[PDB]
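One structure is given below, encoded as structure tokens.
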Amino acid sequence: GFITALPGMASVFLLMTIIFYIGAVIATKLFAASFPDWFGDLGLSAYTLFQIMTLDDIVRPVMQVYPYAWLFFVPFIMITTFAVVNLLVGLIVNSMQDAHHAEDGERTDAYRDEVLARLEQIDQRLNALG
Amino acid sequence: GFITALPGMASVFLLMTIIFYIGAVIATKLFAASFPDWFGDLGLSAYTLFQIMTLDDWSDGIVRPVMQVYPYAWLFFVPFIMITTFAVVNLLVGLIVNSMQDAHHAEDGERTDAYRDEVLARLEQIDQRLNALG
């Protein structure tokens with residue numbers, strides 16, 4: 001399931017877009033005023049929001065000029081990290097059920113096959129009556 | 001299963017590693033500067049982050065001076081605790097909710113072994129009466 005992941009990872013990655021882009025709106029909706037260079041254009045703040053997430057090498061001057069700005073950076077990081085955690089938790093918990101029902105899968109192919117076993121045998125012995 | 005838990009619990013506490021270790025990076029990435037003794041190497045802060053979680057009375061002898069020297073440090077300790085506690089909660093919620101579905105589909109399991117067995121009951125009977133015509 002090379003294709004279980006594909007539509008799966010699609011809606012996942014499409015979700016990241018949504019949550020990352022909404023934040024990019026709020027980020028620009030209130031910081032673009034005084035920090036255009038890299039909260040300007042929506043995707044520009046969107047990048048830095050993601051550069052904030054991926055930690056590479058901004059926040060303190062934005063925090064200095066606008067105080068109470070942690071009331072956006074902290075919650076939005078929580079939500080992304082929430083969502084990432086929640087995805088993996090689901091996949092984990094959802095998987096443990098899948099394995100739990102694997103005993104039952106083998107037991108099924110026992111019935112599956114042993115029926116077709118008789119059905120050959122029954123047809124066999126029947127088709128030897130003519 | 002005995003083995004339902006094993007790969008399950010593996011990815012679970014492989015996840016704990018991830019989340020605990022990421023925090024250990026950020027912890028060390030900004031507090032290691034002025035607090036090396038026990039936010040020093042990565043795993044060292046990682047431990048205290050986990051000592052903070054398991055509460056062992058020395059998390060109180062840690063957080064306040066770090067909170068004193070660096071103010072706004074609660075903007076890491078509070079959110080990171082939330083994430084771990086949310087992740088632990090989320091795991092158990094899933095397991096609970098996922099389980100209530102498993103039991104919901106147990107009535108159907110018995111009903112299956114009725115068909116399962118009564119077919120094979122016929123198939124013996126049908127063979128039996130058939131194999132008595134030769």
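In the structure tokens, each chain is lettered A, B, ... as it comes, each chain's residues begin at 1, and ligands are numbered from 1 in order of appearance.
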
Contact residues around residue B:97 with only C-alpha atoms at 12 Å, ignoring same-chain residues under 5 positions, as a compact mmCIF listing (two decimals) with N, CA, C and O atoms, in the first residue's frame:
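As written to disk, selection.txt reads:
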# COMPACT_ATOMS: atom_id res chain seq x y z
N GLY A 90 -3.13 8.45 15.97
CA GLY A 90 -4.16 7.75 15.23
C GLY A 90 -3.60 6.57 14.47
O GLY A 90 -4.01 5.43 14.71
N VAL A 93 -2.60 3.89 17.00
CA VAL A 93 -3.77 3.25 17.60
C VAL A 93 -4.58 2.51 16.55
O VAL A 93 -5.03 1.38 16.76
N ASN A 94 -4.78 3.13 15.39
CA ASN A 94 -5.51 2.49 14.30
C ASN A 94 -4.79 1.26 13.77
O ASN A 94 -5.45 0.29 13.37
N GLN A 97 -5.26 -1.98 16.17
CA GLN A 97 -6.49 -2.70 15.86
C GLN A 97 -6.32 -3.58 14.63
O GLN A 97 -6.80 -4.72 14.62
N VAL B 89 -2.57 11.39 26.54
CA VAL B 89 -4.03 11.36 26.54
C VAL B 89 -4.54 10.84 25.21
O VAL B 89 -5.35 9.91 25.16
N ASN B 90 -4.06 11.42 24.11
CA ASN B 90 -4.56 11.06 22.79
C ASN B 90 -4.39 9.57 22.53
O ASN B 90 -5.29 8.93 21.98
N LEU B 91 -3.23 9.02 22.88
CA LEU B 91 -3.01 7.58 22.76
C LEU B 91 -4.11 6.79 23.46
O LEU B 91 -4.78 5.94 22.86
N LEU B 92 -4.31 7.08 24.75
CA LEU B 92 -5.27 6.31 25.53
C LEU B 92 -6.69 6.50 25.02
O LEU B 92 -7.47 5.54 24.95
N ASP B 102 -14.21 -2.36 18.55
CA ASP B 102 -13.88 -3.78 18.48
C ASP B 102 -14.94 -4.62 19.19
O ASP B 102 -15.36 -5.66 18.67
N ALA B 103 -15.37 -4.18 20.37
CA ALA B 103 -16.41 -4.91 21.09
C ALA B 103 -17.75 -4.79 20.38
O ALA B 103 -18.55 -5.74 20.38
N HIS B 104 -18.03 -3.63 19.78
CA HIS B 104 -19.27 -3.44 19.04
C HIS B 104 -19.43 -4.47 17.93
O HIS B 104 -20.56 -4.86 17.60

When the cut-off is 10 Å and we count only C-alpha atoms, which residues of chain A are near chain B, given as a ChimeraX atom specification?
-> /A:55,70-71,73-75,77-79,81-82,85-86,88-104,108,111-112,114-115,118-119,121-122,125-126,129

Could you save the residues just selected, with N, CA and C atoms, as a tab-separated table (two decimals), in the first residue's frame?
chain	number	residue	atom	x	y	z
A	55	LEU	N	13.08	25.36	12.68
A	55	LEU	CA	14.02	25.78	13.71
A	55	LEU	C	15.35	26.33	13.18
A	70	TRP	N	3.61	36.35	21.39
A	70	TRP	CA	3.64	34.95	21.81
A	70	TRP	C	2.24	34.35	21.88
A	71	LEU	N	1.22	35.19	22.04
A	71	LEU	CA	-0.17	34.73	22.00
A	71	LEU	C	-0.61	34.33	20.62
A	73	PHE	N	2.38	32.94	18.30
A	73	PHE	CA	3.43	31.99	17.95
A	73	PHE	C	3.32	30.72	18.79
A	74	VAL	N	3.10	30.86	20.09
A	74	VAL	CA	2.96	29.69	20.96
A	74	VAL	C	1.73	28.87	20.58
A	75	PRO	N	0.52	29.45	20.54
A	75	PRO	CA	-0.65	28.60	20.21
A	75	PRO	C	-0.56	27.95	18.85
A	77	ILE	N	2.13	27.06	17.07
A	77	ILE	CA	3.05	25.94	17.18
A	77	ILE	C	2.38	24.76	17.87
A	78	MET	N	1.66	25.03	18.96
A	78	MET	CA	0.94	23.95	19.64
A	78	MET	C	0.02	23.22	18.68
A	79	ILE	N	-0.72	23.96	17.86
A	79	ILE	CA	-1.72	23.35	16.99
A	79	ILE	C	-1.04	22.44	15.96
A	81	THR	N	2.00	21.10	16.16
A	81	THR	CA	2.58	19.97	16.87
A	81	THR	C	1.49	19.04	17.42
A	82	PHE	N	0.37	19.61	17.89
A	82	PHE	CA	-0.84	18.82	18.14
A	82	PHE	C	-1.17	17.94	16.95
A	85	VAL	N	1.29	15.20	16.08
A	85	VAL	CA	1.16	14.16	17.10
A	85	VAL	C	-0.12	13.37	16.88
A	86	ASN	N	-1.25	14.08	16.74
A	86	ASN	CA	-2.55	13.42	16.61
A	86	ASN	C	-2.58	12.47	15.43
A	88	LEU	N	0.00	10.83	14.06
A	88	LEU	CA	0.79	9.65	14.35
A	88	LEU	C	0.12	8.77	15.40
A	89	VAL	N	-0.47	9.39	16.43
A	89	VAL	CA	-1.20	8.63	17.44
A	89	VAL	C	-2.30	7.80	16.78
A	90	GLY	N	-3.13	8.45	15.97
A	90	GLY	CA	-4.16	7.75	15.23
A	90	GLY	C	-3.60	6.57	14.47
A	91	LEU	N	-2.62	6.83	13.60
A	91	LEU	CA	-1.99	5.76	12.82
A	91	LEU	C	-1.52	4.62	13.72
A	92	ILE	N	-0.92	4.96	14.86
A	92	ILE	CA	-0.48	3.94	15.81
A	92	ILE	C	-1.68	3.17	16.36
A	93	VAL	N	-2.60	3.89	17.00
A	93	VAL	CA	-3.77	3.25	17.60
A	93	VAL	C	-4.58	2.51	16.55
A	94	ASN	N	-4.78	3.13	15.39
A	94	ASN	CA	-5.51	2.49	14.30
A	94	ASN	C	-4.79	1.26	13.77
A	95	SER	N	-3.47	1.22	13.86
A	95	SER	CA	-2.73	0.04	13.43
A	95	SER	C	-2.88	-1.11	14.41
A	96	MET	N	-2.80	-0.82	15.72
A	96	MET	CA	-2.88	-1.88	16.71
A	96	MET	C	-4.19	-2.65	16.62
A	97	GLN	N	-5.26	-1.98	16.17
A	97	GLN	CA	-6.49	-2.70	15.86
A	97	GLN	C	-6.32	-3.58	14.63
A	98	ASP	N	-5.64	-3.08	13.60
A	98	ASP	CA	-5.45	-3.87	12.38
A	98	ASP	C	-4.73	-5.18	12.68
A	99	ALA	N	-3.67	-5.12	13.50
A	99	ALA	CA	-2.96	-6.34	13.86
A	99	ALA	C	-3.80	-7.22	14.78
A	100	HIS	N	-4.59	-6.60	15.66
A	100	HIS	CA	-5.47	-7.36	16.54
A	100	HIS	C	-6.41	-8.26	15.76
A	101	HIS	N	-6.81	-7.85	14.55
A	101	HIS	CA	-7.75	-8.59	13.72
A	101	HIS	C	-7.05	-9.41	12.65
A	102	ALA	N	-5.79	-9.79	12.87
A	102	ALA	CA	-5.05	-10.60	11.91
A	102	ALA	C	-5.18	-12.09	12.20
A	103	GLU	N	-5.18	-12.48	13.49
A	103	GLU	CA	-5.63	-13.82	13.86
A	103	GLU	C	-6.89	-14.22	13.11
A	104	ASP	N	-7.87	-13.33	13.09
A	104	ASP	CA	-9.13	-13.62	12.44
A	104	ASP	C	-8.96	-13.78	10.93
A	108	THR	N	-9.96	-17.06	8.66
A	108	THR	CA	-10.88	-16.92	7.53
A	108	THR	C	-10.41	-17.73	6.33
A	111	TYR	N	-11.36	-21.43	6.56
A	111	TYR	CA	-12.71	-21.67	6.05
A	111	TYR	C	-12.77	-21.43	4.54
A	112	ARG	N	-12.30	-20.26	4.10
A	112	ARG	CA	-12.25	-19.92	2.68
A	112	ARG	C	-11.77	-21.09	1.83
A	114	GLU	N	-10.99	-24.41	2.81
A	114	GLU	CA	-11.51	-25.75	3.07
A	114	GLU	C	-12.91	-25.94	2.51
A	115	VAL	N	-13.67	-24.85	2.34
A	115	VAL	CA	-14.92	-24.92	1.57
A	115	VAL	C	-14.62	-25.28	0.13
A	118	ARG	N	-13.81	-28.88	-0.17
A	118	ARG	CA	-14.92	-29.81	-0.33
A	118	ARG	C	-15.54	-29.64	-1.71
A	119	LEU	N	-15.80	-28.39	-2.11
A	119	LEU	CA	-16.54	-28.12	-3.34
A	119	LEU	C	-15.88	-28.76	-4.55
A	121	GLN	N	-13.96	-31.62	-4.08
A	121	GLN	CA	-14.22	-33.02	-3.73
A	121	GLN	C	-15.65	-33.43	-4.04
A	122	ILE	N	-16.62	-32.58	-3.70
A	122	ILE	CA	-18.01	-32.92	-3.93
A	122	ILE	C	-18.31	-32.97	-5.43
A	125	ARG	N	-16.48	-36.23	-6.87
A	125	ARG	CA	-17.16	-37.49	-6.67
A	125	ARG	C	-18.51	-37.51	-7.36
A	126	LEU	N	-19.17	-36.35	-7.44
A	126	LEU	CA	-20.42	-36.25	-8.19
A	126	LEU	C	-20.19	-36.45	-9.68
A	129	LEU	N	-20.16	-39.91	-11.47
A	129	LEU	CA	-21.39	-40.69	-11.41
A	129	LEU	C	-22.09	-40.73	-12.76

Hey, what's within 10 Å of residue B:30 if we count only C-alpha atoms and toss same-chain stuff fewer than 4 positions away? As a list in words, please?
-> residues 25, 26, 34, 35, 39, 70 and 73 of chain B

Written file, previous selection with N, CA, C and O atoms, as a short mmCIF file (atom, residue, chain, number, x, y, z; two decimals), in the first residue's frame:
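As written to disk, result_36.cif reads:
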data_model
loop_
_atom_site.label_atom_id
_atom_site.label_comp_id
_atom_site.auth_asym_id
_atom_site.auth_seq_id
_atom_site.Cartn_x
_atom_site.Cartn_y
_atom_site.Cartn_z
N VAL B 25 16.15 19.11 22.19
CA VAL B 25 16.90 19.99 21.31
C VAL B 25 16.60 21.45 21.64
O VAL B 25 17.51 22.22 21.95
N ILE B 26 15.32 21.83 21.60
CA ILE B 26 14.94 23.20 21.91
C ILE B 26 15.41 23.60 23.30
O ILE B 26 15.93 24.70 23.50
N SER B 34 23.49 29.12 29.34
CA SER B 34 23.77 29.56 30.69
C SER B 34 23.49 28.52 31.75
O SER B 34 23.82 28.75 32.92
N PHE B 35 22.88 27.38 31.40
CA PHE B 35 22.68 26.29 32.37
C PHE B 35 23.23 24.96 31.84
O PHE B 35 22.46 24.04 31.53
N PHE B 39 21.16 21.26 31.77
CA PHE B 39 20.69 21.40 30.38
C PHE B 39 21.87 21.47 29.41
O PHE B 39 21.93 22.33 28.54
N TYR B 70 16.26 33.18 32.82
CA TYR B 70 15.49 33.43 31.60
C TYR B 70 14.02 33.56 31.97
O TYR B 70 13.39 32.56 32.33
N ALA B 73 10.47 31.68 29.96
CA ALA B 73 10.84 30.28 29.74
C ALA B 73 9.65 29.35 29.90
O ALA B 73 9.66 28.25 29.35
#

Could you pull out all residues of stretch 34-106 of chain A with a DSSP call of alpha helix (DSSP H) and give them as a PyMOL selection string?
-> chain A and resi 36-39+42-54+59-65+70-100+103-106

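By chain and then residue number, the residues within 9 Å of residue A:45 are residues 23, 24, 25, 27, 28, 31, 32, 36, 38, 39, 40, 41, 49 and 50 of chain A, counting only C-alpha atoms and disregarding those fewer than 4 positions away in sequence.
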